[PDB]
Ligand SMILES: COC(=O)c1ccc(O)c(OC)c1
């Protein structure tokens, strides 16, 4: 069903996608102990989840003042959108994980540390992703099937994950948050470029689909960063990820609110995980 567009436009999910779907994925509350102590997360498993199949995995971070339960709470209801999109064939089934940057020494900035050491091995040893094992080697070998995104301060988390975790993660969805490293947009872009240089990866091996609202305060700092990134050779600007690797979706009229941001995930998540995928698909 899915075909890449080169300049995909904002489109909310239908209102009916915000109500429960009969083909409901299971949401599992987990508790684990890592470098920031004992913490919890939620795991969304697609309807029909079969542990003898391999699933893409997308980790998705909340914003400031929120927690690991927010995204699947009544205030956001992202699972309804996921369920309906998967049932209708718009989105290939995947695992979605909602962790937290709260707890212990954890911050939105430093969460990537715990992500690498604790969250990936805990989740991906339990559930069936493309990681055949959860050693560093097994995680790195399955990076094309792993993504990270997040909203607001979780968008910041996403950028710090990118710069520090290119070895583990190929697809990035920063939502309404910019990267706070540097005193100018060029410093930010140059930091991302240096991370890419250090990783040794090609431009066909990492993908950034950023989004915000045209009335979302985060635009002010995102837009200059995006423009600086577009000028790098490291990024080829287009939503057609069969051709390039970088897009910035700006929703007209949308403000800094999960009510809109959930629709950015509806629009962007279907674009993830088809490059070097293991199924024979035409997009
Ligand atoms: C409440 O607002 C935010 O958390 C916020 C707003 C604007 C930003 O550019 C941003 O980047 C991380 C975060």
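The table below gives the values:
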{"quantity": "Of every Cα-Cα pair in region 62-204, the percent that sits beyond 23 Å", "calculated": "39 percent"}
{"quantity": "Compactness relative to 2.2 N^0.38 Å, alpha carbon Rg of region 132-283", "calculated": "1.00"}
{"quantity": "Rg/Rh (Cα only; Kirkwood hydrodynamic radius) as it applies to the chain", "calculated": "0.92"}
{"quantity": "Sorted by Cβ neighbour density within 10 Å, fewest at the top, the residues 156, 60", "calculated": "60, 156"}
{"quantity": "Pairwise centroid distance, computed over Cα atoms, of region 245-279 with region 159-227, Å", "calculated": "15 Å"}
{"quantity": "Computed FRET value (nearest 0.05) for residue 23 with residue 183, which takes r as the C-beta separation and R₀ as 35 Å", "calculated": "0.10"}
{"quantity": "Distance between modelled label sites at residue 33 and residue 215, nm, 7 Å Cα→Cβ extension", "calculated": "4.9 nm"}
{"quantity": "Among 72, 111, 246, residue whose mean-square fluctuation peaks in a GNM of the chain (springs only between Cα atoms under 10 Å)", "calculated": "72"}
{"quantity": "Three-way shape call for region 44-144 based on the alpha-carbon gyration tensor, with the a/c threshold at 1.5", "calculated": "oblate"}
{"quantity": "Antiparallel bridges, percent of DSSP beta bridges restricted to the chain (to nearest 5)", "calculated": "35 percent"}
{"quantity": "Normalised contact order of the chain, rounded percent, pairs of Cα under 8 Å and 6 or more residues apart", "calculated": "21 percent"}
{"quantity": "Helix-only mean residue ellipticity at 222 nm for the chain, each DSSP H run of n ≥ 4 adding -39500 (n - 2.57), per residue, nearest 500", "calculated": "-8000 deg cm²/dmol"}
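Counting neighbours? That spans all protein chains shown, and the Cβs are built from the backbone with ideal geometry, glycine included. Each reported figure results from applying straightforward, stated rules to the coordinates on display, with no laboratory input.
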